[PDB]
């Protein structure tokens, strides 16, 4: 449909498996837009954390919105790998003049806090109204002046409060200003360009980069990220109106994971928690390959939480679901769906607000007979095993929205398509 956009978000806490799907939708988009987060997606193997995934398709414009926090070092490392693999990138990568920078002292602030990637500290400077943004790199004198003021405060905090080491002004200034000439030709008025893209009838994909249950308002605060990342964040973070956010595709894993700390009502297994060693959870982790891309650390696993999904559907305005990793359940004798909670002896049908309440939730489960067929690669709904269809039928009911897609494998045609996100 001319002028129609999709937002692709993870409905859970990340690692939902957005990659195959973003690529699948990028075939119908003329622009792909990052609107939040930092550098937090895979004939040479290349891993992208910052650059929109659309860069893999020739003639697709990639936009880093104002709402991103940008490390120039990570950026140029990715560009470099891309170019080495033969891709033409810089002429079709557009970076908001108002994108917030990650500076060396943000990384040092994270390390000093930990001792007792700089994304939180960057968003902290932003809200503090002292942040240096991309455009500021192009006036050396006033960049140095703001940097100086920022380091006076942050070095006071680092040395006097966190007991750590001061960050050098001149080294920091030299490092930052050393990116200016390379960044210049990509700096752009992304907001304006996005309005023009749609006014010309072209389609945009707004690519989410963190699980929406990590949203700073709606997640299990304080175990959340340092910004909003619900699908409505794409408006402010890209410089467009909410009416451009036409269809919201909610990527949903068939079971749940978390990384790090934060409560998790349906949790089965956490390698670091002796009281959560459920073998079904260990199975989900191994069969699902739920280990960090970089660190190799296992993720926490649990059953799908439809009460959490229902909250997610409401806060994101999810239009339809795309289910992933169904196959990880193939050959379980039974599968459970968390459909609500008991909390302080009361029934609750939506994930509560804040860590304290969500840690008090005992999951209420419905039980389903498993199927044994492999479901790998199936591309029609009717060909799914009855017991898989019954589980997913129940997920739709509790969630309150349709499953529009089921991704059954890494290839484009390993996909059950019930409704096309880019067709009105």
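Residue numbers count along the first chain shown, from 1.
J.: How big is the unmodelled gap, if any, between residue 42 and residue 43 relative to the deposited sequence? Choose none, 1 to 3, 4 to 9, or 10 or more.
T.: 4 to 9 residues lack coordinates between residue 42 and residue 43.
J.: Which fits the stretch between residue 129 and residue 130: none, 1 to 3, 4 to 9, or 10 or more deposited residues lacking coordinates?
T.: Missing residues, residue 129 to residue 130: none.
J.: Where do the C-alpha atoms have the higher mean temperature factor in this entry, in 282-290 or in 227-235?
T.: On average, C-alpha B-factors are higher across 282-290.
J.: Look up the CA B-factors in the entry and say which stretch, 356-364 or 43-51, has the higher mean.
T.: Higher mean C-alpha B-factor in the PDB entry: 43-51.
J.: So among 317, 211, 345, 120, who wins on Cα B-factor in the entry?
T.: Among 317, 211, 345, 120, the highest C-alpha B-factor in the entry belongs to 345.
J.: Looking at 207, 189, 333, 327, which has the highest CA B-factor as recorded?
T.: Of the candidates given, the C-alpha B-factor peaks at 333.
J.: Within this chain's modelled residues, let me know which third the CA B factor of residue 10 belongs to: lowest, middle or highest.
T.: For residue 10, whose C-alpha B-factor we compare with every modelled residue in the chain, the answer is the lowest third.
J.: Ranking the modelled residues of this chain by C-alpha B-factor as given in the entry, is residue 66 in the lowest, middle or highest third?
T.: Its C-alpha B-factor, which the entry lists for residue 66, ranks in the lowest third among residues of this chain.
J.: Taking only the Cα B-factors deposited for this chain, tell me whether residue 172 sits in the lowest, middle or highest third.
T.: CA B-factor rank for residue 172: highest third.
J.: Sorting the chain's modelled residues by C-alpha B-factor, tell me whether residue 396 ends up in the lowest, middle or highest third.
T.: CA B-factor rank for residue 396: middle third.
J.: Going by the CA temperature factor in the PDB record, which third of the chain does residue 161 belong to: lowest, middle or highest?
T.: Its C-alpha B-factor belongs to the highest third of this chain's values.
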